[PDB]
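Student: Just so it is clear, I am handing over structure-v8.txt, which has compact mmCIF, C-alpha atoms.
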# COMPACT_ATOMS: atom_id res chain seq x y z
CA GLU V 4 -42.68 -4.35 23.45
CA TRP V 5 -43.40 -0.63 22.99
CA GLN V 6 -46.11 -0.63 25.64
CA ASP V 7 -43.53 -1.93 28.13
CA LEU V 8 -41.86 1.50 28.22
CA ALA V 9 -45.06 3.28 29.28
CA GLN V 10 -43.54 3.78 32.74
CA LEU V 11 -41.66 6.80 31.42
CA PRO V 12 -43.19 10.06 30.17
CA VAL V 13 -42.73 10.84 26.47
CA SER V 14 -41.38 14.32 25.72
CA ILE V 15 -42.46 15.66 22.32
CA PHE V 16 -40.22 17.76 20.12
CA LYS V 17 -41.77 18.64 16.76
CA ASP V 18 -39.12 20.51 14.84
CA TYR V 19 -39.56 20.65 11.07
CA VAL V 20 -36.78 21.55 8.63
CA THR V 21 -38.39 24.22 6.42
CA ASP V 22 -35.21 25.41 4.71
CA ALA V 23 -32.26 23.53 3.22
CA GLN V 24 -30.00 25.69 5.40
CA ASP V 25 -31.28 23.95 8.52
CA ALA V 26 -30.76 20.49 7.03
CA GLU V 27 -28.22 19.61 9.71
CA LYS V 28 -30.46 20.68 12.60
CA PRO V 29 -32.06 17.25 13.26
CA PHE V 30 -28.73 15.44 13.41
CA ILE V 31 -27.37 18.04 15.80
CA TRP V 32 -30.39 17.56 18.08
CA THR V 33 -29.85 13.79 17.95
CA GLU V 34 -26.43 14.31 19.53
CA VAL V 35 -27.89 16.64 22.15
CA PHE V 36 -30.73 14.28 23.07
CA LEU V 37 -28.38 11.31 23.29
CA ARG V 38 -26.51 13.11 26.08
CA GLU V 39 -29.64 14.45 27.77
CA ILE V 40 -31.26 11.00 27.97
CA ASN V 41 -28.10 10.01 29.88
CA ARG V 42 -28.36 12.97 32.26
CA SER V 43 -32.14 12.77 32.51
CA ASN V 44 -32.87 9.04 32.22
CA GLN V 45 -36.39 9.32 33.61
CA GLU V 46 -38.07 9.99 30.25
CA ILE V 47 -38.32 9.18 26.56
CA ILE V 48 -37.82 11.73 23.83
CA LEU V 49 -39.93 11.60 20.69
CA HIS V 50 -38.19 13.87 18.21
CA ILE V 51 -40.31 14.46 15.10
CA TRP V 52 -38.44 15.97 12.15
CA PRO V 53 -39.88 15.89 8.63
CA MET V 54 -37.74 17.85 6.16
CA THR V 55 -37.59 19.73 2.87
CA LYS V 56 -36.13 17.88 -0.14
CA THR V 57 -32.89 16.41 1.18
CA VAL V 58 -30.70 13.36 0.48
CA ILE V 59 -28.67 12.26 3.53
CA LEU V 60 -25.41 10.56 2.63
CA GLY V 61 -23.34 8.44 4.97
CA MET V 62 -19.87 7.05 5.55
CA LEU V 63 -19.91 4.67 2.57
CA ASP V 64 -21.54 7.10 0.15
CA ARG V 65 -18.83 9.74 0.55
CA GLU V 66 -16.24 7.18 -0.59
CA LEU V 67 -17.78 6.97 -4.07
CA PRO V 68 -15.17 7.38 -6.83
CA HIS V 69 -17.14 10.18 -8.49
CA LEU V 70 -18.97 11.69 -5.52
CA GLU V 71 -19.32 15.30 -6.69
CA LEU V 72 -20.64 14.09 -10.06
CA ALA V 73 -23.14 11.99 -8.14
CA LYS V 74 -24.27 14.87 -5.94
CA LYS V 75 -25.23 16.58 -9.19
CA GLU V 76 -27.85 13.89 -9.74
CA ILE V 77 -29.31 14.90 -6.39
CA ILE V 78 -29.17 18.64 -7.08
CA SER V 79 -30.82 18.28 -10.52
CA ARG V 80 -34.07 17.08 -8.93
CA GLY V 81 -34.04 19.99 -6.53
CA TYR V 82 -32.82 18.06 -3.48
CA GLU V 83 -30.01 19.14 -1.18
CA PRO V 84 -27.18 16.70 -0.44
CA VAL V 85 -26.31 16.39 3.25
CA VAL V 86 -23.24 14.41 4.28
CA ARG V 87 -22.98 12.60 7.59
CA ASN V 88 -19.46 11.22 7.97
CA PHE V 89 -20.71 8.36 10.16
CA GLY V 90 -24.21 7.97 8.75
CA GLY V 91 -25.63 4.99 6.91
CA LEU V 92 -26.41 4.56 3.20
CA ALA V 93 -28.23 7.31 1.30
CA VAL V 94 -31.80 7.92 2.36
CA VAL V 95 -34.33 10.44 1.04
CA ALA V 96 -36.34 13.07 2.85
CA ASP V 97 -39.03 15.52 1.71
CA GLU V 98 -42.55 16.81 2.29
CA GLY V 99 -44.00 13.32 1.83
CA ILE V 100 -41.55 11.59 4.17
CA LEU V 101 -41.90 11.27 7.95
CA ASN V 102 -38.69 11.10 10.00
CA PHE V 103 -38.53 10.78 13.74
CA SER V 104 -36.50 9.40 16.59
CA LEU V 105 -37.18 7.64 19.86
CA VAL V 106 -34.43 8.60 22.29
CA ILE V 107 -34.55 5.93 25.00
CA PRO V 108 -32.64 5.56 28.30
CA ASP V 109 -31.28 2.07 29.06
CA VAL V 110 -33.16 1.70 32.35
CA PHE V 111 -35.93 -0.87 31.84
CA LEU V 115 -31.24 -3.41 25.90
CA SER V 116 -29.75 -4.95 22.72
CA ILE V 117 -29.40 -3.36 19.28
CA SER V 118 -32.09 -5.76 18.03
CA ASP V 119 -34.37 -4.90 20.95
CA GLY V 120 -34.05 -1.24 20.02
CA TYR V 121 -35.12 -1.83 16.41
CA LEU V 122 -37.95 -4.11 17.55
CA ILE V 123 -39.11 -1.35 19.88
CA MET V 124 -39.56 0.87 16.82
CA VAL V 125 -41.25 -1.88 14.81
CA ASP V 126 -43.80 -2.37 17.58
CA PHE V 127 -44.37 1.38 17.79
CA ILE V 128 -45.05 1.61 14.05
CA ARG V 129 -47.38 -1.40 14.09
CA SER V 130 -49.23 0.11 17.04
CA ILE V 131 -49.59 3.42 15.22
CA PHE V 132 -51.37 1.77 12.29
CA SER V 133 -53.20 -0.88 14.31
CA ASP V 134 -56.46 0.32 12.75
CA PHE V 135 -55.42 -1.06 9.33
CA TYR V 136 -55.58 -4.83 8.68
CA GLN V 137 -52.44 -4.91 6.55
CA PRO V 138 -49.78 -6.62 8.73
CA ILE V 139 -46.41 -4.88 8.89
CA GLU V 140 -43.34 -7.07 8.35
CA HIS V 141 -39.64 -6.54 8.91
CA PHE V 142 -36.79 -8.06 6.93
CA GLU V 143 -34.18 -6.61 4.62
CA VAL V 144 -35.23 -5.42 1.18
CA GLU V 145 -31.84 -5.69 -0.53
CA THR V 146 -32.80 -3.75 -3.64
CA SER V 147 -34.13 -0.73 -1.75
CA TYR V 148 -31.96 2.26 -0.97
CA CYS V 149 -30.41 2.07 2.49
CA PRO V 150 -31.39 -1.62 2.95
CA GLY V 151 -31.49 -2.80 6.55
CA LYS V 152 -32.29 -5.95 8.49
CA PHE V 153 -35.33 -4.16 9.89
CA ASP V 154 -36.74 -2.57 6.73
CA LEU V 155 -40.53 -2.33 7.16
CA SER V 156 -42.85 -3.51 4.38
CA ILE V 157 -46.38 -4.54 3.44
CA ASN V 158 -47.04 -7.09 0.70
CA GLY V 159 -43.37 -7.22 -0.23
CA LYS V 160 -42.98 -3.45 -0.60
CA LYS V 161 -40.72 -1.35 1.66
CA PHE V 162 -42.16 1.90 3.08
CA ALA V 163 -39.71 2.50 5.91
CA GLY V 164 -36.04 2.26 6.79
CA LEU V 165 -34.61 2.33 10.32
CA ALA V 166 -31.35 3.44 11.95
CA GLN V 167 -29.77 3.34 15.40
CA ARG V 168 -27.01 5.18 17.22
CA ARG V 169 -25.97 4.75 20.83
CA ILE V 170 -24.00 6.66 23.45
CA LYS V 171 -23.37 5.28 26.93
CA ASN V 172 -26.72 4.32 28.46
CA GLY V 173 -28.70 6.11 25.76
CA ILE V 174 -30.22 4.87 22.51
CA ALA V 175 -31.48 6.77 19.48
CA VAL V 176 -33.69 4.75 17.14
CA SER V 177 -34.68 6.61 13.98
CA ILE V 178 -37.03 5.89 11.10
CA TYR V 179 -37.75 7.35 7.65
CA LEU V 180 -41.31 6.62 6.52
CA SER V 181 -42.58 7.09 2.97
CA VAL V 182 -46.06 8.51 3.56
CA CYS V 183 -47.01 10.15 0.27
CA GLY V 184 -45.50 11.71 -2.81
CA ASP V 185 -43.35 10.35 -5.63
CA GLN V 186 -41.59 7.31 -4.16
CA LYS V 187 -40.65 5.94 -7.58
CA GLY V 188 -38.85 9.22 -8.23
CA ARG V 189 -36.98 9.15 -4.91
CA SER V 190 -35.86 5.63 -5.77
CA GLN V 191 -34.78 6.52 -9.31
CA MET V 192 -32.80 9.43 -7.94
CA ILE V 193 -30.71 7.22 -5.64
CA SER V 194 -30.25 4.63 -8.38
CA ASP V 195 -28.85 7.43 -10.54
CA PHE V 196 -26.68 8.61 -7.64
CA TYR V 197 -24.95 5.21 -7.33
CA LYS V 198 -24.73 4.70 -11.11
CA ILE V 199 -22.90 7.99 -11.56
CA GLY V 200 -20.98 7.76 -8.28
CA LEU V 201 -19.52 4.39 -9.30
CA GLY V 202 -19.11 5.33 -12.95
CA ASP V 203 -16.57 2.98 -14.48
CA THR V 204 -14.29 3.05 -11.46
CA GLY V 205 -16.30 0.67 -9.34
CA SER V 206 -15.66 -0.04 -5.68
CA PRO V 207 -15.22 -2.93 -3.21
CA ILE V 208 -18.11 -1.44 -1.28
CA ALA V 209 -21.43 -3.16 -1.95
CA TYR V 210 -23.86 -0.38 -2.80
CA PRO V 211 -27.53 -1.21 -3.25
CA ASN V 212 -28.78 -1.94 -6.75
CA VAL V 213 -31.97 0.08 -6.39
CA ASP V 214 -35.25 -1.20 -7.79
CA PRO V 215 -37.88 1.63 -7.85
CA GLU V 216 -40.72 -0.90 -7.89
CA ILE V 217 -39.77 -2.46 -4.56
CA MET V 218 -40.46 0.66 -2.45
CA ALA V 219 -43.77 2.47 -1.93
CA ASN V 220 -45.67 5.10 0.10
CA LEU V 221 -47.76 3.86 3.02
CA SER V 222 -50.80 5.80 1.77
CA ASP V 223 -50.64 3.57 -1.33
CA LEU V 224 -49.96 0.28 0.49
CA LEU V 225 -52.88 1.02 2.83
CA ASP V 226 -55.07 2.38 0.03
CA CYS V 227 -55.74 5.46 2.17
CA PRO V 228 -54.51 8.97 1.29
CA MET V 229 -52.64 10.48 4.20
CA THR V 230 -50.11 13.24 4.76
CA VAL V 231 -47.11 13.39 7.06
CA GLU V 232 -49.16 15.61 9.36
CA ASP V 233 -51.91 12.96 9.40
CA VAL V 234 -49.46 10.26 10.49
CA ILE V 235 -47.97 12.50 13.18
CA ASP V 236 -51.46 13.08 14.59
CA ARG V 237 -52.36 9.36 14.39
CA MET V 238 -49.04 8.57 16.10
CA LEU V 239 -49.55 11.05 18.97
CA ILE V 240 -53.05 9.70 19.52
CA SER V 241 -51.81 6.11 19.70
CA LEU V 242 -49.62 7.03 22.68
CA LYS V 243 -52.48 7.80 25.04
CA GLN V 244 -54.30 4.64 24.01
CA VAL V 245 -51.22 2.47 24.61
CA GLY V 246 -50.88 4.03 28.07
CA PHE V 247 -48.19 6.67 27.56
CA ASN V 248 -48.27 10.12 29.15
CA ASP V 249 -46.79 12.85 26.97
CA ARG V 250 -45.64 16.44 27.32
CA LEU V 251 -43.93 19.23 25.38
CA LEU V 252 -40.15 18.91 25.40
CA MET V 253 -38.90 22.27 26.61
CA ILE V 254 -35.82 23.64 24.88
CA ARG V 255 -34.09 24.92 28.02
CA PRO V 256 -31.30 27.47 27.51
CA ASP V 257 -28.88 24.69 28.44
CA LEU V 258 -30.16 22.53 25.60
CA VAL V 259 -29.75 25.38 23.13
CA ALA V 260 -26.27 25.97 24.54
CA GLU V 261 -25.30 22.34 23.95
CA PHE V 262 -26.82 22.51 20.48
CA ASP V 263 -24.53 25.41 19.61
CA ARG V 264 -21.43 23.54 20.79
CA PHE V 265 -22.21 20.68 18.42
CA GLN V 266 -23.05 23.20 15.70
CA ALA V 267 -19.78 25.06 16.22
CA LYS V 268 -17.89 21.75 16.17
CA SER V 269 -19.41 20.89 12.81
CA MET V 270 -18.79 24.35 11.35
CA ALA V 271 -15.06 24.22 12.11
CA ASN V 272 -15.06 21.02 10.08
If you convert what's in this file into structure tokens, what do you get?
Tutor:
Amino acid sequence: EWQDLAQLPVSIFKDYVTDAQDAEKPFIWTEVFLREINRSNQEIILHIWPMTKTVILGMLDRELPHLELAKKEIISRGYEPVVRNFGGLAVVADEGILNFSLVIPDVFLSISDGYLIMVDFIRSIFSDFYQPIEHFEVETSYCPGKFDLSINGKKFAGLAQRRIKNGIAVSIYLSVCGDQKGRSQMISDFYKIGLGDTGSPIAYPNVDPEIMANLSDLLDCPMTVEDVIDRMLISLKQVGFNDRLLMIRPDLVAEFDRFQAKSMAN
């Protein structure tokens, strides 16, 4: 349970992506924090990173027969395609989507435990609402996962996990407000075009725009990404966590640039 990690301080790193040119910034920090949590395993890092209109593509997506034609579907709605060679299935980010990561040191275990740690955190964050939050895969959502979060059968969040040595990075993309039906239709179009008539052995989701929704709608309570962030930070103190500003030491920036340089030469 989330409250079980309260022994460690939570370092906060709010770093928005305000320009499509910095779209890779969050993923670069993920790498940095995964190493740091291994060197400094006496704390938890809460990396908050909402972004401008972006569609993050993963390993399977880039194998689409007509990829470039598909990316056009993304560009036509004013979103920027970002490719992550080892990332999961296409997910959407924008002003109405909250993305963040919990970088945890393995010092208190399993892949499931990690996901369940996030589920508990989310539930705790919205404990003031009666609507119970469930987890199970919503197969017809984009980027379906065993731990998709939903309320009344509708998915409002997708989770992801990456690990390195004794460090774990659990991430989540939460639909807070905005045009969720549009985000969904965009990805459906992406896969339709990407597959064209060529097809593929890879099982890509068959997106259903009516199966996903914003949390502000599911909770019948208008809220912005900033509102959730605040609610989330407040829930920490109540649960028993002590927090502090994560300081970007020169060393951290240095490591960031190594990962950035690596990417650039690619």
Student: Just to confirm, what's the straight-line distance from atom CA of residue V:246 to atom CA of residue V:5 in Å (one decimal)?
Tutor: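 So the answer is 10.2 Å.
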Student: Which residues are near residue V:28? Cut-off 10 Å, all atoms listed in the file, ignore same chain within fewer than 2 positions. Put them as a VMD selection string.
Tutor: chain V and resid 18 to 20 23 to 26 30 to 33 52 262 266
Student: Any idea what the distance is between atom CA of residue V:171 and atom CA of residue V:208?
Tutor: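 So the two atoms, atom CA of residue V:171 and atom CA of residue V:208, lie 29.5 Å apart.
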Student: If we count all atoms listed in the file, what is near stretch 96-116 of chain V at a cut-off of 8 Å, once residues fewer than 3 positions away on the same chain are taken out, given as a PyMOL selection string?
Tutor: chain V and resi 8+36-37+40-41+44-59+119-120+124+172-184+230-231
Student: Nearest residue to residue V:135 out of V:215, V:150, V:188, V:227, using only C-alpha atoms?
Tutor: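 Nearest to residue V:135: V:227.
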Student: Check the smallest atom-to-atom distance from each of V:253, V:9, V:224, V:94 to residue V:189 using only C-alpha atoms, then report the winner.
Tutor: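 So, comparing all the options, the nearest one is V:94.
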Student: Which residues are close to residue V:15, i.e. within 6 Å by all atoms listed in the file, leaving aside same-chain residues fewer than 5 positions away? Reply as a ChimeraX atom specification.
Tutor: /V:49,250-252
Student: Those same residues - C-alpha atoms - I'd like them written as a CSV table (one decimal), keeping the file's coordinate frame.
Tutor:
chain,number,residue,atom,x,y,z
V,49,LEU,CA,-39.9,11.6,20.7
V,250,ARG,CA,-45.6,16.4,27.3
V,251,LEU,CA,-43.9,19.2,25.4
V,252,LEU,CA,-40.2,18.9,25.4
Student: I'd like to know which of V:232, V:249, V:195, V:261 is closest to residue V:16, using all atoms listed in the file.
Tutor: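 The shortest atom-to-atom distance to residue V:16 comes from V:249.
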Student: By how many Å are atom CA of residue V:258 and atom CA of residue V:34 apart?
Tutor: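 Answer for the atom CA of residue V:258 to atom CA of residue V:34 separation: 10.9 Å.
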Student: With the cut-off set at 9 Å and counting all atoms listed in the file, tabulate each residue of stretch 45-166 of chain V with an atom at most that distance from an atom of stretch 191-194 of chain V, showing the nearest atom pair and its distance in Å to one decimal, ordered by chain and increasing number, as a Markdown table.
Tutor:
| residue | atom | partner | partner_atom | distance |
| --- | --- | --- | --- | --- |
| V:58 | CA | V:193 | CA | 8.7 |
| V:76 | CA | V:192 | CA | 6.9 |
| V:77 | CA | V:192 | CA | 6.7 |
| V:80 | CA | V:192 | CA | 7.8 |
| V:93 | CA | V:193 | CA | 7.4 |
| V:94 | CA | V:193 | CA | 8.1 |
| V:95 | CA | V:193 | CA | 8.3 |
| V:148 | CA | V:193 | CA | 6.9 |
Student: Determine, counting all atoms listed in the file, which protein, DNA and RNA residues have an atom within 12 Å of an atom of residue V:160; residues of the same chain fewer than 2 positions away are not included. Present the result as number ranges by chain.
Tutor: V: 137-147, 154-158, 162-164, 181, 186-187, 214-221, 223-225
Student: Those residues with C-alpha atoms, as a PDB file, in the frame of the given file please?
Tutor:
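What ended up in out-v5.pdb:
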ATOM      1  CA  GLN V 137     -52.440  -4.910   6.550  1.00  0.00           C
ATOM      2  CA  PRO V 138     -49.780  -6.620   8.730  1.00  0.00           C
ATOM      3  CA  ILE V 139     -46.410  -4.880   8.890  1.00  0.00           C
ATOM      4  CA  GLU V 140     -43.340  -7.070   8.350  1.00  0.00           C
ATOM      5  CA  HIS V 141     -39.640  -6.540   8.910  1.00  0.00           C
ATOM      6  CA  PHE V 142     -36.790  -8.060   6.930  1.00  0.00           C
ATOM      7  CA  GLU V 143     -34.180  -6.610   4.620  1.00  0.00           C
ATOM      8  CA  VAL V 144     -35.230  -5.420   1.180  1.00  0.00           C
ATOM      9  CA  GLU V 145     -31.840  -5.690  -0.530  1.00  0.00           C
ATOM     10  CA  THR V 146     -32.800  -3.750  -3.640  1.00  0.00           C
ATOM     11  CA  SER V 147     -34.130  -0.730  -1.750  1.00  0.00           C
ATOM     12  CA  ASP V 154     -36.740  -2.570   6.730  1.00  0.00           C
ATOM     13  CA  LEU V 155     -40.530  -2.330   7.160  1.00  0.00           C
ATOM     14  CA  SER V 156     -42.850  -3.510   4.380  1.00  0.00           C
ATOM     15  CA  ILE V 157     -46.380  -4.540   3.440  1.00  0.00           C
ATOM     16  CA  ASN V 158     -47.040  -7.090   0.700  1.00  0.00           C
ATOM     17  CA  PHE V 162     -42.160   1.900   3.080  1.00  0.00           C
ATOM     18  CA  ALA V 163     -39.710   2.500   5.910  1.00  0.00           C
ATOM     19  CA  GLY V 164     -36.040   2.260   6.790  1.00  0.00           C
ATOM     20  CA  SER V 181     -42.580   7.090   2.970  1.00  0.00           C
ATOM     21  CA  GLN V 186     -41.590   7.310  -4.160  1.00  0.00           C
ATOM     22  CA  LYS V 187     -40.650   5.940  -7.580  1.00  0.00           C
ATOM     23  CA  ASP V 214     -35.250  -1.200  -7.790  1.00  0.00           C
ATOM     24  CA  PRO V 215     -37.880   1.630  -7.850  1.00  0.00           C
ATOM     25  CA  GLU V 216     -40.720  -0.900  -7.890  1.00  0.00           C
ATOM     26  CA  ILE V 217     -39.770  -2.460  -4.560  1.00  0.00           C
ATOM     27  CA  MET V 218     -40.460   0.660  -2.450  1.00  0.00           C
ATOM     28  CA  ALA V 219     -43.770   2.470  -1.930  1.00  0.00           C
ATOM     29  CA  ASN V 220     -45.670   5.100   0.100  1.00  0.00           C
ATOM     30  CA  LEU V 221     -47.760   3.860   3.020  1.00  0.00           C
ATOM     31  CA  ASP V 223     -50.640   3.570  -1.330  1.00  0.00           C
ATOM     32  CA  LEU V 224     -49.960   0.280   0.490  1.00  0.00           C
ATOM     33  CA  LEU V 225     -52.880   1.020   2.830  1.00  0.00           C
TER      34      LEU V 225
END
Student: Under the rule that all atoms listed in the file are counted, which of V:89, V:210, V:265, V:153 is the nearest residue to residue V:117?
Tutor: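 That would be V:153, the residue with the smallest distance to residue V:117.
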Student: Using only C-alpha atoms, which of V:43, V:206, V:167, V:10 sits nearest residue V:68?
Tutor: V:206
Student: Using only C-alpha atoms, which of the listed residues (V:129, V:69, V:87, V:152) sits closest to residue V:166?
Tutor: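 Under the stated criterion, the closest residue is V:152.
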Student: May I have the protein, DNA and RNA residues with an atom at most 8 Å from (-23.8, 7.1, -9.8), counting all atoms listed in the file in the file's coordinates, returned as a list in words?
Tutor: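 The residues near that point, listed by chain and number, are residues 69, 70, 72, 73, 76, 194, 195, 196, 197, 198, 199, 200, 201 and 202 of chain V.
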